[PDB]
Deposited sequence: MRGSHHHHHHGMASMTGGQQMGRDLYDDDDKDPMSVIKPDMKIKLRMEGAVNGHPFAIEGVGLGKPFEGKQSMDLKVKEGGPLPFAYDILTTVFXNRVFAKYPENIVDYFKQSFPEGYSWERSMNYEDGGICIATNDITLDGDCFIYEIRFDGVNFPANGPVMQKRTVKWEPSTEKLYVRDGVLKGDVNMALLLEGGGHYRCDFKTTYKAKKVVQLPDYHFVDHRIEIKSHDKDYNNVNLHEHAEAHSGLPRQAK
């Protein structure tokens, strides 16, 4: 079907953090059935980001998650038409990021229309002082609410010299058409920046995901 073993990705992100705009474009590819992907990103406007790049990574498609036969894959059923999602990223120190990504599909390439905004970050925080090393792996909880799919997950950014920085994720998925809604379930995630340049004008990012249930 539309969901081929191998696929491409085309995306652009426009946003602002603490009132300073920026834009990013990216090209990538993944295997929707293996739940793996990869993508190169470049800062098109507003470089060099004066904040931790990590806050952005998870915004850069649940379609790339390995769903077992026993669990309805809300996300793949949504295509060709596609789906969009809304996300809340509440940081333990007050910082807050809002994001949106509209997902379309051009032939064999997913196209993302991404918005991203973040405010109230302390200048002395791990975010504005770029003290983030990476996001820890996670297990997202997803459940139906009002005919759509909700996804929540407790995230953590290990900092330099140890210690963690928590953020609570609150994502909402909305399919453009009617699809089989699934039962409560989870999706383990692992996102890492493989490489990047001095100021992150160029970044290589990878994500791995697989869904499952209780135990």
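Visitor: Where the model has no C-alpha, note the corresponding stretch of the deposited sequence, numbering from 1.
Guide: Several stretches lack coordinates - namely 1-34, 95, 251-255, in sequence order.
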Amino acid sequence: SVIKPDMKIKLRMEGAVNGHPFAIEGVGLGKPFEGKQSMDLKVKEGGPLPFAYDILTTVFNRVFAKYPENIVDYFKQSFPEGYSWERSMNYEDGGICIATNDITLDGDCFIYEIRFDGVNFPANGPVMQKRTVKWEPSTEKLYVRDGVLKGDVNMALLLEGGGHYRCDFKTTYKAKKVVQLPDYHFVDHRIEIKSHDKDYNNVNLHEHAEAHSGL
From here on, numbers count along this sequence of modelled residues.
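Visitor: Higher average CA B factor in the deposited record is what I'm after, so tell me if that's 99-107 or 117-125.
Guide: Looking at the recorded C-alpha B-factors, 99-107 comes out higher on average.
Visitor: Look over 137-145 and 77-85 in the entry and identify the one with the greater average Cα temperature factor.
Guide: Stretch with the higher mean C-alpha B-factor: 77-85.
Visitor: Sorting by Cα B-factor within the chain, modelled residues only, which third would residue 153 end up in: lowest, middle or highest?
Guide: According to the entry, residue 153 has a C-alpha B-factor in the chain's lowest third.
Visitor: Among all modelled residues of this chain, ranked by Cα B factor, put residue 26 in the bottom, middle or top third, i.e. lowest, middle or highest.
Guide: Tercile = middle for this residue's CA B-factor.
Visitor: How does residue 66 rank on Cα B-factor within its chain, lowest, middle or highest third?
Guide: Middle third by C-alpha B-factor.
Visitor: Please rank the C-alpha B-factors of the chain's modelled residues and tell me whether residue 33 sits in the lowest, middle or highest third.
Guide: Top third by C-alpha B-factor.
Visitor: Going by the CA temperature factor in the PDB record, which third of the chain does residue 59 belong to: lowest, middle or highest?
Guide: Answer is lowest: the recorded C-alpha B-factor places it there.
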